[PDB]
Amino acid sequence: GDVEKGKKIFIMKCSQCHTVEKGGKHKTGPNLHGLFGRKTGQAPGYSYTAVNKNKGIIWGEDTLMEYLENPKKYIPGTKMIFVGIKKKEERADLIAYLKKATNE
């Protein structure tokens, strides 16, 4: 996917609620650094819903592809208030950006 496009998607659709940098602060949503290969609900010091805490999946390329299409379908009860990203290419660009930025 395209990291620069993915970065723009992130800035416009996610960055008001999320940071990605190491040590980034929690806002409405959790800091996302380290997300890849980690279970749901593991950002240190963030208070998740019980459903996000107990979803029990590992974040990676394919689970982010599904989740970001319709968060509340993937985790009913989530407090992430976000309709989703319908186009797979936008999702794939965004996820390429996250795999860089949350690992950098």
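The numbering used is simple: start at 1 and walk along the sequence shown.
- Per the PDB record, of the two stretches 68 to 76 and 23 to 31, 23 to 31 carries the greater mean B-factor over its C-alpha atoms.
- Stretches compared: 95 to 103, 1 to 9. Higher mean C-alpha B-factor in the entry: 1 to 9.
- Annotation for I85: CA B-factor lies in the highest third of the chain's modelled residues.
- Split the chain's modelled residues into thirds by C-alpha temperature factor. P44 is in the highest one.
- The deposited CA B-factor of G56 belongs to the middle third of values across its chain.
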